[PDB]
Each structure stands twice: as structure tokens, then as C-alpha cells.
Amino acid sequence: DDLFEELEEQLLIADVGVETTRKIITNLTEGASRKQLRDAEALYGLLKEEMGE
């Protein structure tokens with residue numbers, strides 16, 4: 001079946017493309033959050049120091 005074969009190759013292509021997109025965007029989203037956490041922790045440390053006076 002040339003038709004079933006072509007379908008399957010197309011669906012393989014989509015699957016790779018979609019999983020790649022998910023993986024990259026997930027990593028980048030996590031990356032972003034970890035930067036936010038780091039910045040917040042730096043600001044907290046600085047504020048706490050400052051308040052010690």
C-alpha cells in the first residue's frame with residue numbers, strides 16, 4: 001500500500017516536528033522560570049541584608 005505508507009511517513013514527520021517543538025519550548029519555558037527564580041532570590045537576599053540595616 002503506497003497510500004498507507006505515505007500516510008505513515010507523513011504522520012512520522014508530524015510526530016517528530018511536534019515532539020521537537022514541545023521539547024524545545026518546554027526547555028525554554030523552564031529556563032525562563034529558573035531565571036525568574038534566581039532574580040527573585042537575589043533581590044530577597046539584598047532586601048534582607050538591607051533590612052538588617
Side-chain angles (χ1 to χ4, degrees), residues 1 3-34 37 39-53:
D1 233 55
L3 296 171
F4 187 74
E5 181 190 11
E6 183 60 14
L7 181 58
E8 153 189 61
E9 177 177 289
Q10 287 291 102
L11 289 176
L12 172 60
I13 293 161
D15 180 42
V16 174
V18 173
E19 286 296 315
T20 302
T21 298
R22 283 161 52 79
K23 178 274 180 184
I24 292 176
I25 294 300
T26 302
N27 275 13
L28 291 174
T29 297
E30 294 172 354
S33 304
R34 291 185 312 267
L37 287 167
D39 287 345
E41 176 80 13
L43 291 167
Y44 177 70
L46 285 169
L47 182 55
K48 186 160 167 65
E49 281 155 24
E50 191 55 340
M51 307 267 247
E53 292 192 333

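Reckoned from all heavy atoms, side chains included, excluding hydrogens, waters and symmetry mates. Count residues from 1 along the sequence.
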Tell me, please, which residues at least two apart from [X] pass side-chain contact (heavy atoms from CB on, under 4.5 Å).
X     : answer
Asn27 : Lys23, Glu30
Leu12 : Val16
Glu9  : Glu6, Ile13
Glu49 : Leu46

**OP:** Tell me who clusters with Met51, hydrophobic residues only, linked when side chains sit under 4.5 Å apart either directly or through other members.
**Re:**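 Its cluster partners, ordered by chain and number, are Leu47.
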
**OP:** Considering only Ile, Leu, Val, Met, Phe, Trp and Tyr, and joining two whenever side-chain heavy atoms are under 4.5 Å apart, list the other residues clustered with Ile25.
**Re:**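 Cluster partners of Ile25: none, it stands alone.
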
**OP:** With rounding to the nearest 0.5 Å, note down the distance linking CG in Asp15 to OG1 in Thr20.
**Re:**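 Separation between the atoms: 8.5 Å.
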
Subject >> Value rounded to 0.5 Å, distance of OG1 in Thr26 from CD in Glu19 >> reply: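 Taking OG1 in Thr26 and CD in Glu19, the distance rounds to 9.0 Å.
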
Subject >> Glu50, CD atom: more than 12 neighbouring heavy atoms under 6.0 Å >> reply: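 It does not: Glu50 CD has 12 such atoms or fewer within range.
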
